[PDB]
Amino acid sequence: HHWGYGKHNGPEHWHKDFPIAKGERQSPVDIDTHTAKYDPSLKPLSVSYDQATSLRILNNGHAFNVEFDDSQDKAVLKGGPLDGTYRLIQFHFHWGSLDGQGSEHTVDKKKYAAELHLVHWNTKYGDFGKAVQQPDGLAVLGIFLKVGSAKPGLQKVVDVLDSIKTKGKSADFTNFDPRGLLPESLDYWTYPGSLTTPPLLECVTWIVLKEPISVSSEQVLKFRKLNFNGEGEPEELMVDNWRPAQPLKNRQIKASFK
Ligand SMILES: COc1ccc([C@H]2OC(=S)NC2=O)c(OC)c1
Ligand SMILES: [Zn+2]
C-alpha cells in the first residue's frame with residue numbers, strides 16, 4: 001500500500017485499496033456544536049497518566065508517534081462513554097502547511113492548526129491488533145492545537161524532531177509526561193468512528209476535547225520541517241497529513257457539558 005497525502009495518493013484515492021473509506025462510521029467529522037446533545041448519562045472522564053512510561057519516538061512516513069509501554073495498566077483512560085479500561089499505546093499529531101488548517105475534526109467547520117491523538121486500546125481484547133478488529137476496540141482522545149503561546153509540555157517533543165527527520169528514523173524518548181499536553185478542561189464531544197488513515201477501521205470511540213491547547217508558531221514550524229520521505233530520497237515536507245471531514249450518516253455526537 002502506497003497511501004499518503006499527495007494529489008496522487010491522498011484521501012480521495014484511499015477507497016480503492018480500502019473500501020471501508022466510504023463506510024458508515026468514518027472519521028473525522030465536523031462537530032456541529034448546535035446539533036450535539038448534552039448527555040447527562042455520560043460518567044466522569046478519568047485520564048490516569050501518572051505512571052505513563054514513554055519509550056521511543058518514530059517517524060513512520062505519515063506522522064511521528066511517541067510510543068508507550070502498554071504491557072501493563074500504566075497509563076489508562078476510563079469513564080466518559082467508555083466501558084472498562086483503555087490503555088495508552090501512543091500519541092501523534094496531524095498538522096497543516098498553514099496555521100489555518102491541519103486538524104482532522106472541525107468545530108462548526110473551523111479547522112485548527114493541528115490535532116493530537118492519544119491512542120488507547122480496550123484491555124478486554126488483550127492486544128492492540130485484536131482491539132482494532134472490534135467496534136469498541138480503541139478510544140482516541142483528540143485535542144486541538146491553536147497557534148498562540150508556547151506549550152512548555154510540548155517542547156521536549158519539538159526538540160527531538162531534528163533527530164527523526166525522515167521516514168523510518170526513531171529515537172529514544174523516555175520520561176515524557178503526556179499530562180503536559182492536556183488543556184485545563186476535560187469537557188468533550190463523543191461519537192463512534194474510525195481510524196483516520198488506512199486501514200480506516202471502524203473501531204474508535206472518539207473523545208474530542210472542547211478546549212484547544214495553544215502552541216507557538218515556532219513549535220508548529222518545527223513539525224513542518226519533518227519529511228514524509230526516507231533518507232536520501234527527494235524531500236517532501238511532512239505537512240497536511242490530515243483527512244478531511246467525512247459524512248456523519250446515522251450518528252449522533254454527544255456533549256459531556258451543558
Ligand atoms: C496501526 O495503528 C494505527 C493506524 C492508524 C491510525 C490512524 O487513526 C488515527 S485516529 N490517527 C491515525 O494516524 C492509528 O491511530 C489511532 C493507529
Ligand atoms: Zn491520528
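We're numbering straight along the sequence, starting at 1. Atoms considered below: every heavy atom in the structure, side chains included; atoms not considered: hydrogens, waters and symmetry mates. In listed order, ligands and their atoms are each counted from 1.
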**Request:** Would you mind telling me which of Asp73, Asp136, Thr123, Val76 makes a side chain to side chain contact (heavy atoms under 4.5 Å, CB included) with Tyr86?
**Result:** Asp136

**Prompt:** What are the protein N/O/S atoms, named by residue and atom, that sit under 2.8 Å from the Zn ion (ligand 2)?
**Reply:** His92 NE2, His94 NE2, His117 ND1

**Prompt:** For the ring pair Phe91 and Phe176, is the centre-to-centre distance below 6.0 Å?
**Reply:** yes

**Message:** If I compare all heavy atoms of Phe144 with all of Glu115, which pair ends up nearest, and what's the gap?
**Reply:** CE2-OE1, 3.7 Å

**Prompt:** Are any of the heavy atoms in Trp206 under 4.0 Å away from ligand 1?
**Reply:** yes

**Prompt:** So, are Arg87 and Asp127 salt-bridged, with charged N and O less than 4.0 Å apart?
**Reply:** no

**Aromatic ring proximity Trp189/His105, centre distance under 6.0 Å** = no

**Request:** Please report the shortest heavy-atom distance between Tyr5 and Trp242, naming the atom on each side.
**Result:** CE2-N, 3.4 Å

**Request:** Kindly indicate whether a cation-pi arrangement holds for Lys110 with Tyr112, taking the cut-offs as under 6.0 Å to the six-membered ring centre and within 45° of the axis.
**Result:** yes

**Message:** If the cut-off is 4.0 Å to any non-hydrogen atom of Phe128, which atoms of ligand 1 fall inside it?
**Reply:** 1 (C), 2 (O)

**Asked** Atoms of ligand 1 less than 4.0 Å from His92 heavy atoms?
**Response** 11 (N), 12 (C), 13 (O), 15 (O)

**Request:** Decide if the gap between the ring center of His94 and the ring center of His117 is smaller than 6.0 angstrom.
**Result:** yes

**Request:** Give the residue, atom name and distance (to 0.1 Å) of the protein heavy atom nearest atom 5 (C) of ligand 1.
**Result:** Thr197 OG1, 3.2 Å

**Message:** So is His62 touching ligand 1 or not, going by heavy atoms under 4.0 Å?
**Reply:** no

**Message:** On a heavy-atom basis, which atom in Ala171 and which in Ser163 lie closest, and how many Å separate them?
**Reply:** CB-OG, 3.6 Å

**Message:** Checking a contact table here: which protein heavy atom is nearest atom 4 (C) of ligand 1, and how many Å away?
**Reply:** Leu195 CD1, 4.1 Å

**Prompt:** With a 6.0 Å cut-off on ring centres, are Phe257 and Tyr188 close enough?
**Reply:** no

**Request:** Indicate, as side chain, backbone, both or neither, the part of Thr196 found under 4.0 angstrom from ligand 1 when only non-hydrogen atoms are considered.
**Result:** both

**Asked** Any idea which protein heavy atom is nearest atom 17 (C) of ligand 1, and the distance to it?
**Response** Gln90 NE2, 3.9 Å

